[PDB]
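Asks: Pasting a structure below so you can have a look.
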Amino acid sequence: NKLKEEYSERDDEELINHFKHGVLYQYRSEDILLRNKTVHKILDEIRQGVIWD
Amino acid sequence: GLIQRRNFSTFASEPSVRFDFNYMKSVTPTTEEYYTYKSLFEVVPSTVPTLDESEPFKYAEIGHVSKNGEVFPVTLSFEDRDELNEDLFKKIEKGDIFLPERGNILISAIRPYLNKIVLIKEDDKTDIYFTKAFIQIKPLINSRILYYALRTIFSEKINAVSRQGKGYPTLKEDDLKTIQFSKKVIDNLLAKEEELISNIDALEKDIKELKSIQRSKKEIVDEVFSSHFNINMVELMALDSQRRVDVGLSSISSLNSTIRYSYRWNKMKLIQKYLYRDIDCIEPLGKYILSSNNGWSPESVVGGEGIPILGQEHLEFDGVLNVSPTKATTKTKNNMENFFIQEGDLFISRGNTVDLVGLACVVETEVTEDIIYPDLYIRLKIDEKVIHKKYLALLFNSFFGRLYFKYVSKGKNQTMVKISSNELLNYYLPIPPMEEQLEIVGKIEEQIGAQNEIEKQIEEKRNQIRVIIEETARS
DNA sequence: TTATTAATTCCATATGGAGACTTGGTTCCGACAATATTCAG
DNA sequence: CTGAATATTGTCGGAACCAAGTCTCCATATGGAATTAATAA
C-alpha cells in the first residue's frame with residue numbers, strides 16, 4: 001500500500017516509464033519528488049545546501 | 001546544470017558588486033600570473049571624423065562584419081540621400097561614426113561571442129569608417145599578436161564579462177579594462193613572433209587566393225541554364241522590374257482551371273511568354289508525374305530523442321539533400337514507413353518565402369537511418385526515362401523555377417508562400433532531348449563540386465591558423 | 001433479375017493559416033555631465 | 001563685488017527588445033471509400 005524504505009527515493013530508474021507507458025499512465029504521480037540523499041537535480045540540491053533559519 | 005558554490009567576499013570583486021552566474025563562473029581562485037590592461041592594449045576615446053562631402057566614403061556596421069573579421073563596407077556619398085539608406089545617413093549625422101587610426105583592433109560591444117574582432121592593418125588604404133558600437137583598443141605589443149591572442153584564445157573571458165541585463169548581451173569598455181590575461185600566452189606568442197606572423201600571413205594569403213575565385217552556390221545554377229538556352233541575363237531581371245501588367249477578361253480563363261486573377265499570376269504568364277520565345281522544348285509536367293505525397297510533420301523537439309525530421313533549411317540550390325536533421329520526434333502514425341526518405345527521391349519545397357519556394361532536391365546520400373520529411377515537402381515520383389530527376393531539381397532551383405514559383409504560388413501570408421499539386425501539374429517546363437540533358441547536369445555538377453572543393457580548404461587554413469595559435473601559446 | 005449508378009457515411013490526404021520562430025544588432029529614450037546661466041543680497 | 005548656481009545642451013547607458021530573415025505544425029474539408037438502398041434487368 002506504500003513505497004519501500006530500502007530505496008525510498010527513486011534513484012533507480014526502475015519502472016518509472018511503466019507509469020507512463022499505459023494504463024498505469026492514468027495512475028502516475030504528478031508530484032515533485034523530494035530527495036534527501038542524492039540530487040541529480042537542482043531542487044533537491046537546494047534543499048540540502050541551504051540552512052534556512 | 002552546475003552546482004557552483006562561492007563565498008560572499010567574491011562579489012566584492014569589480015566596481016559594480018555584480019553577482020550574476022556567468023561572471024562568478026569566470027572568477028575562480030587564481031595562483032598563476034595576472035597582468036592587467038596596462039602592459040598590453042589601451043582604450044581609445046571616440047571622436048567625430050571630418051567627413052568630406054565630395055567623394056564616396058565607406059561605412060561599417062556590426063552586421064557588415066563577419067565572425068572571421070572580414071569587413072564588408074557599404075559606399076555612401078552624401079549626394080544620394082535616398083530614403084532606403086536614409087537611416088545610415090541619419091545615424092552618421094547623429095555622431096555614430098569614427099575612423100580607426102591604422103593599427104587598432106576594433107571590438108564589437110553587442111554580443112562579443114560572435115568574434116566580431118577586426119584588425120585595421122598598418123599598411124593599407126581605402127580608409128573605412130566604423131560605428132561607435134566598436135571599441136578602439138589600439139595595442140602596444142604589435143596588432144597581429146593581440147588580434148590572434150584575442151580571436152581564438154582569450155574568448156572564454158571576454159564573453160564572461162558581458163551585460164545580459166533584460167536584453168542585449170553587451171560588452172562595456174570599463175569591464176573590458178579588467179580581464180586577467182595570462183603572461184605565458186603573450187610571452188610564448190611574442191617569443192615565436194618572428195615566424196608566427198610569417199606562416200599565418202602565408203595561410204591567410206592562401207585563404208585570400210581561394211576566396212578570390214569562390215563563387216556562389218546559386219549563380220552557377222543561374223549561368224549554365226542562361227549559357228545553354230541562349231537567354232540574355234540582363235532582361236528577365238529588367239522585365240521583372242516594370243510592374244504595369246494589363247490583361248483582359250478573356251485571358252483570365254486561359255489555362256486557369258480555378259479562375260485566378262491575382263496580379264502575380266498575370267505577371268507569371270507575362271514572364272513565361274518571354275522565357276520561351278526561342279526555346280522549343282516545353283512539355284507539360286502533368287503527364288510526366290506519376291504520384292505526389294506530402295510527408296509527416298508532428299511536433300518536434302530540437303536535439304531530442306526519436307526519429308529525426310528534416311526542415312526547409314536542408315534544401316539547397318544544388319539538387320542534393322543536406323540530410324543533416326536537427327529536429328527529432330517521438331510520435332507514431334501507424335504508417336511511418338511511408339515517409340522515411342530513402343535514396344533517389346525528388347523533394348520539392350512547399351512553403352517558404354516568395355523566393356525560396358519550389359526549390360527541389362534529389363536525395364543523393366546513402367543513409368541507413370530512417371529520416372522523416374515534413375508536410376512542407378512534396379515527393380515527386382516521375383518517369384525516369386524523359387526528365388532525369390536531377391535535371392528537374394536543377395531547373396527548379398534555376399531562374400526557370402524561380403520566376404515561376406515566385407508568381408504562381410498561393411497564400412494570403414506571403415511570408416510562408418506555399419505551392420500545391422495544381423501548380424506542379426500545370427507547369428510548362430522546357431524539356432530538351434535526353435542528349436541535351438546530362439550536359440547541363442554534369443557541367444553544373446563539376447562546377448559546384450569544384451566550388452565545394454574550395455570550401456573546405458578555406459575552412460582548413462582558417463582552422464590551421466587557430467590550431468597553430470593554440471599550439472604556440474601552449475608550448 | 002442482377003445488375004445498377006447515384007445516393008450515402010467514414011479516414012487519409014491536401015490545402016491553408018487576421019503565422020510563428022530564430023538568429024543577431026539595430027534605434028532611441030533618458031539620465032546626466034557640462035555646461036550655463038548667474039543675480040542677490 | 002566672490003560665488004557655484006540652474007539651465008540648458010549633447011551624449012553615455014541601456015532596453016519583460018524586436019526588425020530581418022525564413023522555417024512550421026496544425027485544423028478541416030474532401031473525396032473516396034466505404035456503404036447504402038436503388039435501379040434496370
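Every chain in the C-alpha cells takes a letter, A first, then B, and so on in the order presented; its residues are numbered from 1, and the ligands are numbered from 1 following the presented order.
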Give me, as an MDAnalysis selection string, all polymer residues having an atom no more than 12 Å from residue 5 (chain C), counting only C-alpha atoms (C1' of nucleotides) and skipping those fewer than 2 positions away in the same chain.
Replies: (chainID C and resid 3 7) or (chainID D and resid 37:40)
Asks: Convert the current residue selection to file output with N, CA and C atoms (P, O5', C5', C4', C3', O3' and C1' of nucleotides), as a short mmCIF file (atom, residue, chain, number, x, y, z; two decimals), in the first residue's frame.
Replies:
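Saved as again.cif:
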data_model
loop_
_atom_site.label_atom_id
_atom_site.label_comp_id
_atom_site.auth_asym_id
_atom_site.auth_seq_id
_atom_site.Cartn_x
_atom_site.Cartn_y
_atom_site.Cartn_z
P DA C 3 -24.79 -9.87 -60.86
"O5'" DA C 3 -23.90 -8.70 -61.52
"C5'" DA C 3 -24.11 -7.33 -61.08
"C4'" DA C 3 -25.08 -6.65 -62.02
"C3'" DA C 3 -25.08 -5.13 -61.97
"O3'" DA C 3 -24.04 -4.59 -62.78
"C1'" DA C 3 -27.31 -5.96 -62.02
P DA C 7 -28.38 10.62 -57.35
"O5'" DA C 7 -27.39 10.82 -56.10
"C5'" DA C 7 -27.92 11.36 -54.86
"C4'" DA C 7 -28.16 10.23 -53.88
"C3'" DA C 7 -27.41 10.37 -52.56
"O3'" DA C 7 -28.18 11.14 -51.64
"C1'" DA C 7 -27.10 8.19 -53.43
P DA D 37 -30.39 0.38 -46.53
"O5'" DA D 37 -31.72 1.27 -46.76
"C5'" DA D 37 -32.53 1.03 -47.94
"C4'" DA D 37 -32.22 2.08 -48.98
"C3'" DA D 37 -33.12 2.04 -50.20
"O3'" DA D 37 -33.07 3.29 -50.87
"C1'" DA D 37 -30.99 1.44 -50.86
P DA D 38 -34.38 4.18 -51.17
"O5'" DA D 38 -34.72 4.12 -52.75
"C5'" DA D 38 -34.43 2.90 -53.48
"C4'" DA D 38 -33.29 3.16 -54.44
"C3'" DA D 38 -33.69 3.13 -55.92
"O3'" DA D 38 -33.39 4.39 -56.54
"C1'" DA D 38 -31.74 1.88 -55.54
P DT D 39 -31.93 4.88 -57.01
"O5'" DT D 39 -31.54 4.00 -58.30
"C5'" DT D 39 -32.49 3.94 -59.38
"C4'" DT D 39 -32.13 2.84 -60.35
"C3'" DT D 39 -33.26 2.48 -61.32
"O3'" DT D 39 -32.87 2.82 -62.64
"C1'" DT D 39 -32.13 0.55 -60.50
P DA D 40 -33.91 3.46 -63.70
"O5'" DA D 40 -33.89 2.44 -64.94
"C5'" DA D 40 -34.15 1.03 -64.69
"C4'" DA D 40 -32.99 0.21 -65.19
"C3'" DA D 40 -33.33 -0.73 -66.34
"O3'" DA D 40 -32.24 -0.85 -67.25
"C1'" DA D 40 -32.57 -1.99 -64.51
#
Asks: Neighbouring residues of residue 25 (chain D) were defined as those with any atom within 7 Å, considering only C-alpha atoms (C1' of nucleotides); residues of the same chain fewer than 4 positions away were excluded. Please report them as number ranges by chain.
Replies: B: 297-299
Asks: Residues of chain D near chain B: apply a cut-off of 7 Å, count only C-alpha atoms (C1' of nucleotides), and supply the list as a list in words.
Replies: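 Output check: residues 15, 17, 22, 23 and 25 of chain D.
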Asks: Export C-alpha atoms (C1' of nucleotides) of the chosen residues as a PDB file, in the first residue's frame?
Replies:
ATOM      1  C1'  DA D  15      16.281  48.309 -23.106  1.00  0.00           C
ATOM      2  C1'  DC D  17      13.781  44.488 -27.229  1.00  0.00           C
ATOM      3  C1'  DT D  22      12.988  32.428 -43.045  1.00  0.00           C
ATOM      4  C1'  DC D  23      11.255  27.961 -41.237  1.00  0.00           C
ATOM      5  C1'  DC D  25       2.601  22.449 -37.080  1.00  0.00           C
TER       6       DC D  25
END
Asks: May I have the residues within 8 Å of residue 38 (chain A) as a ChimeraX atom specification, using only C-alpha atoms (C1' of nucleotides) and disregarding those fewer than 3 positions away in the same chain?
Replies: /A:11,35,44
Asks: Restricted to N, CA and C atoms, what would the selected residues look like written as a PDB file, in the first residue's frame?
Replies:
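The resulting part_36.pdb:
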ATOM      1  N   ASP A  11      15.950   6.800  -6.999  1.00  0.00           N
ATOM      2  CA  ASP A  11      17.214   6.873  -7.733  1.00  0.00           C
ATOM      3  C   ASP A  11      17.619   5.507  -8.280  1.00  0.00           C
ATOM      4  N   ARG A  35      14.114  14.630  -2.541  1.00  0.00           N
ATOM      5  CA  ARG A  35      15.176  13.717  -2.153  1.00  0.00           C
ATOM      6  C   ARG A  35      15.959  14.282  -0.973  1.00  0.00           C
ATOM      7  N   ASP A  44      16.506  19.467  -5.218  1.00  0.00           N
ATOM      8  CA  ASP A  44      16.952  18.700  -4.065  1.00  0.00           C
ATOM      9  C   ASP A  44      18.420  18.936  -3.732  1.00  0.00           C
TER      10      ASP A  44
END
Asks: Which residues come within 12 Å of residue 32 (chain D), counting only C-alpha atoms (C1' of nucleotides), excluding same-chain residues fewer than 6 positions away, as a ChimeraX atom specification?
Replies: /C:9-13
Asks: Find, counting only C-alpha atoms (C1' of nucleotides), the residue in B:120, B:359, B:310, B:323 that gets nearest to residue 24 (chain D).
Replies: B:310
Asks: Tell me which of B:417, B:425, B:105, B:145 sits closest to residue 197 (chain B), counting only C-alpha atoms.
Replies: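 Looking at the shortest contact to residue 197 (chain B), the residue is B:145.
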Asks: Going by DSSP on the backbone, which bits of region 138-290 of chain B are strand (DSSP E or B)? Write them as a list in words, please.
Replies: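 Here is the list: residues 139, 163, 170, 282, 283, 284, 289 and 290 of chain B.
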Asks: Residues within 8 Å of residue 162 (chain B), please, as a list in words. Count only C-alpha atoms (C1' of nucleotides); anything in the same chain fewer than 3 positions from it doesn't count.
Replies: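 The neighbour list is residues 111, 112, 158, 159, 169, 170, 171 and 172 of chain B.
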Asks: Give as an NGL selection string every residue of chain B that touches chain A within 10 Å, counting only C-alpha atoms.
Replies: :B and (1-3 or 5)
Asks: Mind dumping the selected residues with N, CA and C atoms as a compact mmCIF listing (two decimals), in the first residue's frame?
Replies:
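This went into result17.txt:
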# COMPACT_ATOMS: atom_id res chain seq x y z
N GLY B 1 22.60 21.28 -14.50
CA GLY B 1 23.47 22.39 -14.82
C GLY B 1 24.78 22.36 -14.06
N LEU B 2 24.93 23.27 -13.10
CA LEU B 2 26.14 23.36 -12.30
C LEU B 2 25.74 23.54 -10.84
N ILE B 3 26.65 23.17 -9.95
CA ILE B 3 26.41 23.26 -8.51
C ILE B 3 27.51 24.15 -7.94
N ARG B 5 29.60 26.80 -6.09
CA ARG B 5 29.50 27.41 -4.78
C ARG B 5 30.59 28.47 -4.62
Asks: Near residue 421 (chain B), within 10 Å and counting only C-alpha atoms (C1' of nucleotides), which residues show up once chain neighbours fewer than 3 positions away are dropped, as a PyMOL selection string?
Replies: (chain B and resi 286+292-294+350+378+424-426) or (chain C and resi 14-15)
Asks: Could you please take those selected residues and save N, CA, C and O atoms (P, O5', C5', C4', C3', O3' and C1' of nucleotides) as a CSV table (one decimal), in the first residue's frame?
Replies:
chain,number,residue,atom,x,y,z
B,286,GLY,N,2.5,17.6,-66.2
B,286,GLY,CA,1.5,16.8,-65.6
B,286,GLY,C,1.5,15.4,-66.1
B,286,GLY,O,1.2,14.4,-65.4
B,292,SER,N,2.4,11.8,-56.0
B,292,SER,CA,2.7,13.0,-55.3
B,292,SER,C,2.3,12.8,-53.8
B,292,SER,O,1.1,12.6,-53.5
B,293,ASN,N,3.2,12.8,-52.9
B,293,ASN,CA,3.0,12.7,-51.5
B,293,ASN,C,3.4,14.1,-50.8
B,293,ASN,O,3.9,15.0,-51.5
B,294,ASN,N,3.1,14.2,-49.5
B,294,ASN,CA,3.5,15.4,-48.8
B,294,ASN,C,4.5,15.1,-47.7
B,294,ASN,O,5.6,15.7,-47.7
B,350,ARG,N,7.4,22.9,-50.5
B,350,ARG,CA,6.1,23.6,-50.4
B,350,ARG,C,6.1,24.4,-49.1
B,350,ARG,O,6.0,23.8,-48.0
B,378,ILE,N,7.1,18.0,-50.9
B,378,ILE,CA,6.3,17.2,-51.8
B,378,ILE,C,7.2,16.2,-52.5
B,378,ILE,O,8.2,16.7,-53.1
B,424,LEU,N,2.2,22.3,-59.8
B,424,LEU,CA,3.1,21.3,-60.3
B,424,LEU,C,2.6,20.6,-61.5
B,424,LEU,O,3.4,20.5,-62.5
B,425,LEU,N,1.4,20.2,-61.6
B,425,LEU,CA,0.8,19.5,-62.7
B,425,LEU,C,0.6,20.4,-63.9
B,425,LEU,O,0.5,20.0,-65.1
B,426,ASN,N,0.4,21.7,-63.7
B,426,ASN,CA,0.2,22.7,-64.8
B,426,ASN,C,1.4,23.5,-65.1
B,426,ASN,O,1.3,24.7,-65.4
C,14,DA,P,-1.8,13.8,-50.8
C,14,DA,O5',-2.5,15.2,-50.9
C,14,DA,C5',-4.0,15.2,-50.7
C,14,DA,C4',-4.4,16.6,-51.0
C,14,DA,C3',-3.3,17.6,-51.3
C,14,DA,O3',-3.9,18.7,-52.0
C,14,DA,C1',-4.2,18.1,-49.1
C,15,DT,P,-3.0,19.8,-52.8
C,15,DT,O5',-3.4,21.2,-52.2
C,15,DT,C5',-4.8,21.5,-52.2
C,15,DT,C4',-5.1,22.4,-51.0
C,15,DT,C3',-4.3,23.7,-50.9
C,15,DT,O3',-5.0,24.9,-51.1
C,15,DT,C1',-4.7,22.7,-48.8
Asks: I'd like the contact shell of region 18-34 of chain A - 9 Å cut-off, only C-alpha atoms (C1' of nucleotides), skipping same-chain residues fewer than 4 positions apart - returned as a PyMOL selection string.
Replies: chain A and resi 9-10+14+43-44+47
Asks: Using only C-alpha atoms (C1' of nucleotides), find each residue of chain C with at least one atom at most 10 Å away from an atom of chain B; report its shortest atom-to-atom pair and that distance in Å (one decimal), sort the rows by chain and rising residue number, and return the result as a Markdown table.
Replies:
| residue | atom | partner | partner_atom | distance |
| --- | --- | --- | --- | --- |
| C:13 | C1' | B:293 | CA | 8.4 |
| C:14 | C1' | B:294 | CA | 8.2 |
| C:15 | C1' | B:420 | CA | 7.4 |
| C:16 | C1' | B:411 | CA | 7.1 |
| C:17 | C1' | B:413 | CA | 7.7 |
| C:18 | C1' | B:413 | CA | 9.9 |
| C:19 | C1' | B:413 | CA | 7.7 |
| C:24 | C1' | B:111 | CA | 8.0 |
| C:25 | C1' | B:62 | CA | 6.7 |
| C:26 | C1' | B:62 | CA | 9.1 |
| C:27 | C1' | B:91 | CA | 9.0 |
Asks: I need the residues in chain A that are helix (DSSP H, G or I) according to DSSP; give them as a PDB file with C-alpha atoms, in the first residue's frame.
Replies:
ATOM      1  CA  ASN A  17       8.461   4.660 -17.699  1.00  0.00           C
ATOM      2  CA  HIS A  18       5.912   1.924 -16.956  1.00  0.00           C
ATOM      3  CA  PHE A  19       3.998   4.585 -15.006  1.00  0.00           C
ATOM      4  CA  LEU A  24      -0.669   2.918 -15.176  1.00  0.00           C
ATOM      5  CA  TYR A  25      -0.178   6.181 -17.078  1.00  0.00           C
ATOM      6  CA  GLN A  26      -3.618   7.103 -15.735  1.00  0.00           C
ATOM      7  CA  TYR A  27      -2.327   6.478 -12.184  1.00  0.00           C
ATOM      8  CA  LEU A  43      15.705  21.467  -6.357  1.00  0.00           C
ATOM      9  CA  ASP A  44      16.952  18.700  -4.065  1.00  0.00           C
ATOM     10  CA  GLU A  45      20.411  20.274  -4.152  1.00  0.00           C
ATOM     11  CA  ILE A  46      18.938  23.484  -2.720  1.00  0.00           C
ATOM     12  CA  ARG A  47      17.099  21.512  -0.013  1.00  0.00           C
ATOM     13  CA  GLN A  48      20.474  20.272   1.289  1.00  0.00           C
ATOM     14  CA  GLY A  49      22.990  23.100   0.889  1.00  0.00           C
TER      15      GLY A  49
END
